[PDB]
Amino acid sequence: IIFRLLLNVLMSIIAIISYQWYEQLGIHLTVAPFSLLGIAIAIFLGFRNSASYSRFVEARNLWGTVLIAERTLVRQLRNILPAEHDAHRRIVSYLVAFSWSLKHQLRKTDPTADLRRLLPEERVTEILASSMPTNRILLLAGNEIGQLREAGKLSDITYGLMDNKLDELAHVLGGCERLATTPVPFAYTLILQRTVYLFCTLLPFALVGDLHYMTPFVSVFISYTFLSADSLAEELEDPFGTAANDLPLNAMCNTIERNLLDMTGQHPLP
Amino acid sequence: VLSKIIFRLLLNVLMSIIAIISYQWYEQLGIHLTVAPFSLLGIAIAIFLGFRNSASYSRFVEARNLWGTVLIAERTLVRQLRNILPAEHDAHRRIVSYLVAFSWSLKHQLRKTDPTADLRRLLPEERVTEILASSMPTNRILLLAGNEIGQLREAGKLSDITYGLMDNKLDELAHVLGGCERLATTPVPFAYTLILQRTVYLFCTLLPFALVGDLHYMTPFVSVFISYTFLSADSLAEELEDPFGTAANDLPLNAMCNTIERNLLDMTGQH
Amino acid sequence: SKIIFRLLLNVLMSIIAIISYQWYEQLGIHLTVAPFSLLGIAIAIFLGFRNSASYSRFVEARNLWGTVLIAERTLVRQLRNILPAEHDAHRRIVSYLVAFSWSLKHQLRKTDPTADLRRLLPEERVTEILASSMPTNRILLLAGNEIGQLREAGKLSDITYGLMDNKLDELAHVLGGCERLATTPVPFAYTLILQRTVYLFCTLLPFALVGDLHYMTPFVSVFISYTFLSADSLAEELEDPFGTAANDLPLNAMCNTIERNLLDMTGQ
Amino acid sequence: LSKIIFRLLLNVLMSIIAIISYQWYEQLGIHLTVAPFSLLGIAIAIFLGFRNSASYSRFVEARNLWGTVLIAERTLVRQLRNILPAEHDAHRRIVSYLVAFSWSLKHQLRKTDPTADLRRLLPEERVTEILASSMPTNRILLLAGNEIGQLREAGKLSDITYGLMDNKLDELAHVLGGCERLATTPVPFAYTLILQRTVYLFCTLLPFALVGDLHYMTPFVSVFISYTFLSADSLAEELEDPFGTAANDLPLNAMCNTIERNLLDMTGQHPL
Amino acid sequence: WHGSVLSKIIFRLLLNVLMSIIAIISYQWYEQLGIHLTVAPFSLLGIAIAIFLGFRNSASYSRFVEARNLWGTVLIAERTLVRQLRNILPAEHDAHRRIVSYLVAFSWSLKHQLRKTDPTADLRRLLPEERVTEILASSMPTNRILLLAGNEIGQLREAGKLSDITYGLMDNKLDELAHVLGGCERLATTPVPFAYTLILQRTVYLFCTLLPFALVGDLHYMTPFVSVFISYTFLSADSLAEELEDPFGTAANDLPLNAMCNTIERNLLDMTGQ
Ligand SMILES: [Zn+2]
Ligand SMILES: [Zn+2]
Ligand SMILES: [Zn+2]
Ligand SMILES: [Zn+2]
Ligand SMILES: [Zn+2]
Ligand SMILES: [Zn+2]
Ligand SMILES: [Zn+2]
Ligand SMILES: [Zn+2]
Ligand SMILES: [Zn+2]
Ligand SMILES: [Zn+2]
Ligand SMILES: [Zn+2]
Ligand SMILES: [Zn+2]
Ligand SMILES: [Zn+2]
Ligand SMILES: [Zn+2]
Ligand SMILES: [Zn+2]
């Protein structure tokens with residue numbers, strides 16, 4: 001980014017010294033065409049940011065739903081089966097493993113320490129064996145519920161009430177996968193990013209006639225505004241990207257683990 | 001804050017007086033500032049402020065909506081209790097005290113304030129202790145109300161279906177909780193508003209210099225008009241920053257909690 | 001409206017600007033068009049977004065009222081389909097749904113619902129309803145009681161009770177939503193600063209145009225002013241959809257439509 | 001394109017008047033620069049952008065509601081086949097009500113006579129019942145609901161499976177409600193008609209402010225600009241009524257025909 | 001950046017450079033004629049066109065996003081239908097395998113239908129020939145696949161191995177898929193209103209044709225270069241709608257439906273131990 005700003009000031013000085021030689025040749029750059037162009041580019045950057053922002057908000061809503069559905073499902077297990085503490089403890093394990101597994105899957109990092117921390121090793125091997133480990137964890141949680149239903153402890157209705165929450169988590173997994181696997185067609189976005197780059201390099205040659213020595217200052221102010229618009233659009237396109245802020249994901253996984261522990265009577269020391 | 005915008009309006013007037021005074025020296029030295037580049041930059045900044053303001057506004061509308069749903073789902077949970085168990089008035093009173101405690105607690109959570117007093121007013125001390133030990137008191141309150149209807153289900157007074165009908169309302173509330181906690185911890189990205197406010201400040205400070213060649217002694221008036229408009233647009237979005245905050249523009253959470261409590265008390269024959 | 005005033009005041013501002021154009025440079029004041037281009041275009045962006053929010057606020061009100069008709073229609077359909085012989089319960093529940101609509105309309109218009117309520121319900125319930133600070137919620141509660149006593153009497157199962165309970169929820173979200181809209185406006189900081197800015201812009205504009213247009217200034221200025229005043233006025237015009245203005249929902253017509261729909265479904 | 005080409009060539013006329021009256025600008029003392037009209041024209045374009053957004057939202061919603069007719073009717077028939085596979089007389093009756101519902105909804109939105117379509121589909125007794133209601137699409141929904149209600153009363157459906165079908169009837173009621181709200185409530189006219197008149201006036205005055213610059217080009221760029229602006233305006237006006245009959249409105253007859261072909265796919269036959 | 005669109009931008013860009021040459025070597029006979037073109041009207045026109053392009057392309061992009069989302073729902077709903085089968089009927093593997101083959105068949109059939117290709121080989125790889133016959137005799141084969149999966153769980157309900165409740169839990173997923181099928185068919189028959197794209201392509205075409213005659217008086221010999229830059233911005237922005245016209249198509253920025261169907265199949269096989 002600062003490379004393009006500094007390249008901007010040097011095309012500014014090139015513009016200044018080169019300026020007047022080409023102009024008497026009949027080589028003119030005026031401000032009005034570039035103002036037409038830049039206003040068009042700015043409108044497109046508004047919309048492109050709107051889209052990227054939507055993708056960011058969607059990632060945040062999906063994770064929020066992890067917290068809601070996992071909270072609600074443990075609430076249901078306590079309210080409906082208060083005495084099945086072993087089942088509570090097992091299911092809570094799978095729910096926390098699911099959150100961490102999801103975060104590692106999206107960020108493309110190794111889930112093995114979190115899995116091995118939370119789950120028996122037979123099931124950690126079953127999970128790491130699958131090419132879709134988060135989905136497998138959802139399956140295993142489903143098995144705990146379905147076993148409680150075979151054993152008579154849940155009816156089909158209360159089983160159904162919890163099955164809904166496992167559907168809420170399946171909705172989260174697929175949504176996050178789509179958000180991580182494919183970004184908005186950059187087909188238009190790359191074309192627009194290059195147009196922005198060319199616009200900012202040519203800008204000093206369009207401004208020098210008006211601003212003389214002030215050309216590099218105003219030129220980098222304008223170029224800075226535009227390049228920030230384009231780069232924030234790039235950063236928001238990609239909530240799970242390789243250079244993303246991992247703090248709110250890490251914070252979300254920790255919050256839900258703390259909630260489920262504090263919830264099952266395991267958080268407050270005896 | 002109003003003091004920021006009047007103070008930087010102040011400063012803009014100053015800047016334009018510097019621009020007026022120094023214009024004579026401006027042309028010999030090689031400096032020229034024309035209006036057209038600042039028209040391009042200003043229109044772009046305005047486009048970006050439109051979109052950002054749209055983000056802020058929609059954050060504030062969502063916060064108001066979530067609270068609307070607190071009132072809706074709590075009203076109908078009490079309605080289901082009365083319609084399904086007309087005789088079970090002890091459960092009526094206890095669940096109403098948990099729903100009311102949930103609302104006040106949500107307010108305290110969002111406001112980062114201590115809910116001990118409201119809890120003690122509505123609940124027996126043992127439950128207050130249980131709720132305060134939790135890292136999420138509103139969650140523990142939803143769990144306790146759920147124990148009320150769950151015990152009703154174990155006594156055979158609720159079937160699995162009517163139990164489930166009320167359980168869903170505790171779902172409507174968990175989603176409100178998640179929504180509010182999400183909004184609280186997820187602002188409009190700081191890069192946006194910080195870069196935007198730096199750009200607006202620099203833009204307004206530089207503007208009178210671009211105006212002076214054209215307006216001469218009119219530079220301060222026009223410059224301050226334009227700057228007022230822009231500083232208004234920028235500050236308004238950060239004035240919708242925390243809808244759960246304390247300020248004239250922020251949601252009146254205390255009044256809304258009183259409306260909720262009044263509603264739930266009205267529905268259970270209480271004064 | 002205040003538009004015709006501000007337009008005439010704009011004509012006067014423009015005449016002043018013409019007659020005062022002489023002493024302009026004598027005073028040292030120079031005013032071009034380009035700064036006002038910048039500012040007017042920005043104001044117009046902000047007005048387009050603002051009017052957008054106002055518009056969506058109006059749309060949501062029309063939608064909430066649309067859901068009343070949908071949910072009461074299908075609660076009645078479920079009554080006739082699940083208990084086709086229970087006409088006395090038909091009449092009681094329909095009178096509650098219709099009363100809910102008119103009560104909602106009166107509460108939003110801040111009028112007394114008593115005539116409609118007593119026209120629809122027994123006095124014994126009407127007093128319970130108006131004894132409450134939330135009459136429309138109380139009416140929802142009572143309709144719930146009709147359904148619930150049907151369930152206790154074995155006439156509805158828990159399942160078919162639940163399928164009607166869901167429609168009661170559809171109406172609770174409508175009530176809460178309308179009450180929210182009625183007390184939650186698009187932040188009037190928008191509208192106020194924007195309106196002042198539109199006005200000051202409209203009065204200063206001819207002084208910035210006279211140097212370039214001379215005697216033509218009043219026409220271009222009134223045109224531009226009309227456009228900006230028009231947009232600002234529309235945002236103020238769509239702010240309260242539940243009111244009685246020409247641009248507001250025909251709430252009375254809508255309540256008549258709901259009531260005739262449910263009476264047609266019940267033979268009555 | 002009836003009104004708009006009339007106004008386009010009327011704009012060629014106004015440009016010609018502007019040209020031959022540029023003769024008199026020097027002597028009458030009238031400058032008319034382009035910058036004030038660029039400002040005003042950009043404001044008008046912004047408002048036309050937003051207005052087209054509102055119109056497009058109405059049109060996309062209308063299209064979606066109709067898509068929900070096909071989805072809900074399809075799954076209701078599917079449930080009837082999966083739950084009561086042998087009840088073909090019920091199959092046929094309910095399907096006839098649902099197809100009737102599509103056509104009835106279309107005629108209601110278009111304000112046309114449904115009698116023919118109803119008669120092609122249902123017995124004449126039910127046709128007169130439906131025609132007697134002032135809400136015939138709603139009455140058709142009530143009648144589909146009576147078919148399901150009977151299947152329940154006869155013990156052929158339990159309350160669960162009855163409810164699974166009742167939900168789809170609710171999906172159709174939200175469609176009816178949504179179309180009625182769209183067809184009877186438009187976008188307010190403080191926008192539409194003040195903005196439309198504003199666009200007209202701007203277009204007629206533009207060439208007068210452009211002769212100063214373009215002299216004989218002013219009819220060409222004036223007509224170009226009026227083309228794009230009048231297009232924006234009339235497009236918004238067309239799409240705000242998406243159940244209308246303009247060329248850019250929804251093809252409701254093709255949608256009803258698709259729905260019919262679906263539910264009656266191979267004389268209504270289906271694998272057990 | 002695919003076939004039919006790129007050809008048009010290159011041609012209109014060549015049209016542009018040529019119009020700019022003519023403009024340059026003919027500007028000298030302007031004021032003598034009375035034809036004059038200034039930048040300011042074309043700034044008005046260009047900025048109006050750009051606003052309308054912004055809105056339009058916002059529609060096109062939303063349409064692409066919806067197609068992607070509908071396909072993601074296929075994955076989610078089939079995943080959970082299989083999960084439910086395992087958790088409610090764990091011993092009923094035969095039924096598991098049949099229902100899985102119908103769900104995979106549904107995905108492949110939806111791909112073929114949206115590309116208008118022949119589903120017969122995929123269907124015969126997944127299903128017994130009688131089933132393929134039933135499916136392909138329908139005028140709506142993918143919907144018919146849904147009806148057959150409904151029959152599988154309906155038989156499970158008849159045999160008492162599913163209660164009405166749990167039968168209903170899987171029925172809701174079958175109409176999670178019915179929502180997908182209707183949505184794809186609607187998108188496939190409902191573009192962004194062609195009036196938008198056609199009028200926009202025309203005003204952009206004319207605008208880019210007249211631009212160099214409006215820029216020449218300012219830019220002299222620079223006219224071709226920025227005229228082609230500006231024309232690039234407008235032409236490619238106007239091309240976006242056609243790029244995103246066919247999200248179910250086969251181009252590079254067209255959705256990767258075959259890999260998505262492969263992924264769905266691998267997911268269900270993984271879930272059922274095959
Ligand atoms: Zn426990
Ligand atoms: Zn699901
Ligand atoms: Zn802890
Ligand atoms: Zn509710
Ligand atoms: Zn939930
Ligand atoms: Zn009570
Ligand atoms: Zn009756
Ligand atoms: Zn009676
Ligand atoms: Zn009264
Ligand atoms: Zn559906
Ligand atoms: Zn049949
Ligand atoms: Zn409904
Ligand atoms: Zn001439
Ligand atoms: Zn198996
Ligand atoms: Zn393609």
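Here is the naming used below: chain letters follow the sequence lines, and residue numbers restart at 1 for every chain.
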Does any backbone or side-chain atom of [X] lie under 4.5 Å from a heavy atom of chain B? Answer side chain, backbone, both or neither.
X: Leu141(C); answer: both
X: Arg196(C); answer: side chain
X: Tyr161(C); answer: side chain
X: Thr183(C); answer: side chain
X: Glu146(C); answer: neither
X: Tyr190(C); answer: both
X: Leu194(C); answer: neither
X: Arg57(C); answer: neither

Interatomic distance, [X] atom [atom1] to [Y] atom [atom2] [nearest 0.5 angstrom]:
X: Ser157(C); Y: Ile161(B); atom1: OG; atom2: CD1; value: 7.5 Å
X: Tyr217(B); Y: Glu25(C); atom1: OH; atom2: CD; value: 12.0 Å
X: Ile147(C); Y: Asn83(B); atom1: CD1; atom2: CG; value: 8.5 Å
X: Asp214(B); Y: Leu31(C); atom1: CG; atom2: CG; value: 10.0 Å
X: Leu181(C); Y: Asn65(B); atom1: CG; atom2: CG; value: 8.5 Å
X: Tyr57(B); Y: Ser56(C); atom1: OH; atom2: OG; value: 5.0 Å

List the atom of [X], the atom of [Y], and the distance in Å for their closest heavy-atom pair.
X: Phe46(C); Y: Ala233(B); result: CZ-CB, 3.6 Å
X: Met267(B); Y: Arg138(C); result: CA-NH1, 3.7 Å
X: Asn249(B); Y: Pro187(C); result: ND2-CB, 4.3 Å

Given the rule in the side-chain hydrogen bond (donor to acceptor under 3.5 Å, both in side chains) test, do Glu172(B) and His173(C) qualify, once you have shown the distances and angles that lead to the verdict? CA-CA 11 Å; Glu172(B) 255 208 53; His173(C) 288 267; 2.8 Å; yes
Heavy-atom donor-acceptor pair, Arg64(B) side chain to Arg180(C) backbone, under 3.5 Å: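 A pair under 3.5 Å: no.
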Can you tell me which of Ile45(C), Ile41(C), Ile193(C), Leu200(C) forms the most heavy-atom pairs within a distance under 4.5 Å of chain B?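 It is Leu200(C).
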Heavy-atom pairs under 4.5 Å with chain C: which of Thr229(B), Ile72(B), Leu236(B), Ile84(B) has the most?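 Top count of heavy-atom pairs under 4.5 Å with chain C: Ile72(B).
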Side chain to side chain, [X] and [Y], heavy atoms closer than 4.5 Å:
X: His30(C); Y: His216(B); value: yes
X: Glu152(C); Y: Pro86(B); value: yes
X: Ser232(B); Y: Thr197(C); value: no
X: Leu38(C); Y: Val35(B); value: no

Any salt bridge between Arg79(B) and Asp169(C), counting N to O under 4.0 Å?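 Yes, this pair counts.
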With a 4.5 angstrom heavy-atom cut-off, is it the side chain or the backbone of [X] that approaches chain C, or both, or neither?
X: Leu71(B); result: side chain
X: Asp160(B); result: neither
X: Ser39(B); result: both

Does one side chain, of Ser132(C) or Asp266(B), offer a donor that lies under 3.5 Å from an acceptor on the other?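 Yes, side-chain donor-acceptor contact under 3.5 Å.
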Given side chain to side chain contact (heavy atoms under 4.5 Å, CB included), test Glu179(C) with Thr259(B) step by step and report yes or no. CA-CA 11 Å; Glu179(C) 294 179 335; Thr259(B) 298; over 6 Å; no
Could you check, using the six-membered ring where one of them is a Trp, whether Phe49(C) and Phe51(B) have ring centers closer than 6.0 angstrom?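 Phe49(C) vs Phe51(B): aromatic centres under 6.0 Å.
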Working for side chain to side chain contact (heavy atoms under 4.5 Å, CB included), residues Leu168(C) and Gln80(B): CA-CA 10 Å; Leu168(C) 291 190; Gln80(B) 289 167 335; over 6 Å; no
Within the supplied structure, the quantity of interest is the number of heavy atoms (other residues, nucleotides, ligands) at a distance under 6.0 Å from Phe221(B) CZ; does it exceed 12?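 No.
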